[PDB]
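The chain below stands alone and is given as structure tokens, in the form deposited in one PDB entry.
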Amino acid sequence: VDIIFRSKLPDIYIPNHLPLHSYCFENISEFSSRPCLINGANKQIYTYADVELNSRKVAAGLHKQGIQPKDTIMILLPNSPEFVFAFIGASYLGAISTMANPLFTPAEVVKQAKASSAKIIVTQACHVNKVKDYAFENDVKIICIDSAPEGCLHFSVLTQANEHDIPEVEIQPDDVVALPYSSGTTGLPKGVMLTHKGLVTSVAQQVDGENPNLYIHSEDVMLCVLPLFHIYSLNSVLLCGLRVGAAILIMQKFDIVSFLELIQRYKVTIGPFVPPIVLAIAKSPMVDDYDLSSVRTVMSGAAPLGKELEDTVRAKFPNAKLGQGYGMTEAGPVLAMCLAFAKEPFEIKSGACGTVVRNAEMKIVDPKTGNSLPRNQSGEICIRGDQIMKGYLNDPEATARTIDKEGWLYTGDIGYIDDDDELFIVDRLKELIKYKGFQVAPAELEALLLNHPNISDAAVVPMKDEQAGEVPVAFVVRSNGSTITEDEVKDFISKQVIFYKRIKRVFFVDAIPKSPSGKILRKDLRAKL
């Protein structure tokens, strides 16, 4: 029998039959006049009323541009009010938003645009070159938020639309609303189908209930420095923030001076961070010149944090509850959330990534035997609940390998739960690399390397790194007679991928360590490092 773990919080009612926009704005009349989005770039503020209205106008505009229920738009933007209006606008139509890093290479963007069947790409003028040819050849509309080059529309064409022209629509709970890309537990990036039901469940798991797991309210100011095109910020910052009526302070990029100035100036109360930001706070000489006493909650997620950094956060944020959250795109994303963040807080331990969310079930499974394990024994973390993905777009085979027929999502993460129901992640079974919290899929890089006429075989694995947590390193077997150097390999990759996917070291070997079956012995390679 499976040994099942649950939250220390009781199950709650979740209205996951509601469309995401209906749920997120359910209580809007209570904070209609309150600030919703604060743009750190220009200090423009939009109220809740504004955000709901603009989203509805954008929905009408998108419909006029040809977006029907179940159609897809691609958002190719930095953190911005426009990102938000496009995302919520598509939700109103029963449509889907796929989101991507605006700094992706042309090849990377086009691959995702093709895979997702995006009908419209929303971007900035400076990135039109990345998609122009593809979009013209395929009649994909390009909408720019700043200035429209030839053959593009301005975002104003969406906001000019009348909110009363939103068509009648019957959105179902299992309808897809968000399509972030993730490589999951093996292979290439795949389209993660996140539904209305799923996202409502995940948000509720965090912020709803008499004692919410992550207590945020309508007087909080939450920093949005994490990218909205990734699921952490999208769900835990934007969607959770909207649900409770919090102010969301948008930053387009991390800059230490801007970051500190904004926290001090706006009296930021919620800090959703990743370990590299925590590291910058611990290391920077200018931090001592700032008043960060306003921050009451500091969360780190997306990558391991560790004891040394956890300590200096305490010092630099004297009034904050500090802890971690643990998410995975396929999981909706949140699996576990620090209970020190609760309205009535629980005691926590350093290095824990939280307690499994309420209205969910967790088990720990030995990868060798398939046996579910008791407390204080490490194995693969698995989760079940309404919050998880519907599956991978156009990939039933990968879905079947990732979520079993009893509804269990296998994360590829190794951990244990202790006597206080605190989850600790100790290792990663899956091949995924995390550079500053960003996914790096080795399979993508390995495919590129194997394509080089002077490379016979290759394996990409994480190497531990202070600044980035992990960096991608390549083990390369040269073809016979090949003289390709470390820099030549690095350059070959650097010309084809976004910066964070770059190979930082190349180790040349006679053979890639493989199992008898020929699967890369990644654990063996990590051990060599």
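Counting begins at 1, following the sequence as shown.
One more form of this protein exists, namely the form deposited in another entry; it is left out here, but the text below deals with it.
Look at the two-part rigid motion between this form and the one not shown: residue 409 goes along with residue 160. Relative to the shown form, the Cα atoms of residue 377 and residue 432 move together by 3 Å or more in the other form. The gap between the Cα atoms of residue 354 and residue 442 is smaller in the other form, by no less than 3 Å, than in this form.
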